[PDB]
Amino acid sequence: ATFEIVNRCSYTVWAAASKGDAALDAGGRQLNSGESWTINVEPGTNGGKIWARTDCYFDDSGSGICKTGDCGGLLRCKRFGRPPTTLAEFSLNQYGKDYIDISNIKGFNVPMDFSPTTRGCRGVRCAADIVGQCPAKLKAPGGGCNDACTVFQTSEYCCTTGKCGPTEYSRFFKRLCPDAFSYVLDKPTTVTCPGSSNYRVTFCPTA
């Protein structure tokens with residue numbers, strides 16, 4: 001599958017692509033404003049994620065640190081990133097279908113559109129100014145807006161035991177971005193696409 005990752009933000013972002021135990025394609029790339037990166041994602045990739053990282057620096061060996069979304073200090077991500085991270089999530093060729101979503105469960109850093117570039121299903125977007133509107137306790141010191149699980153680390157917010165429900169914090173993300181997951185047990189906003197679709201992830205999508 002082809003994924004085009006496009007940075008339309010005014011700021012640089014360091015794109016990342018991983019399935020949690022390995023990079024997808026090169027795993028990461030610096031994208032200055034307006035740049036894109038086209039990757040190949042293998043068919044059958046399950047539990048893949050693409051995200052932006054902000055305010056990074058790396059040395060010539062590709063080791064360094066990002067203020068949002070850092071993946072073990074690497075340019076070329078092998079593992080998922082540190083919150084806060086707006087997440088484009090996908091599982092491909094799953095019993096004949098692809099499944100895509102955007103999630104704020106791990107917070108929000110950069111606005112995102114995640115759309116097919118082939119026919120037959122909708123895209124989703126979360127492009128409200130969540131960072132500017134972020135409630136005080138969720139503001140991350142390095143920038144972006146943490147989820148309440150990362151901040152409070154209890155099942156009330158993490159949905160590890162019993163049956164978690166919405167909180168004022170989850171409702172904040174949901175109100176700003178109805179089409180993204182706001183907590184683990186949110187009513188799903190996943191889109192079912194034809195198997196073997198192609199996609200575009202756009203940071204700071206055009207309104």
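Nothing in this text is a laboratory measurement; each read-out follows from the coordinates by a stated rule. So basically every Cβ, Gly included, is an ideal-geometry build from the backbone, and we count neighbours across all protein chains shown.
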Which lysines have a Cα lying under 28 Å from the Cα of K139, excluding residues fewer than 8 positions away in the same chain?
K19, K49, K67, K78, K106, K163, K174, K187
Burial-style ranking of 99-105, 13-19, average other-beta-carbon count within 10 Å with highest first, yields 13-19, 99-105
Relative to 2.2 N^0.38 Å, what does the C-alpha radius of gyration of the stretch 89-194 come to as a ratio? Two decimals please.
1.12
Potential extension, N46-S10 segment - 0.36 nm per residue separation minus Cα distance:
9.8 nm
Whole-angstrom gap from the stretch 46-102 to the stretch 157-171, using each part's C-alpha centre:
24
Any idea what log10 I(q)/I(0) is at q = 0.08, 0.12, 0.15 Å⁻¹ for the chain, Debye with uniform C-alpha scatterers and no solvent?
-0.24, -0.56, -0.89
Tell me which residues come under 5 Å, amide H to amide H, from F80 once H is placed; ignore anything under 5 positions away on its chain.
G20
Based on the mean of other Cβ atoms within 10 Å per residue, sort peptides 166-178, 73-85, 117-129 so the most packed one is first.
73-85, 166-178, 117-129
More than 19 Å apart: what percent of Cα pairs in the stretch 8-68 qualify?
34
Output ordering of 30-40, 191-201 (per-residue mean of other Cβ within 10 Å, highest first) is 191-201, 30-40
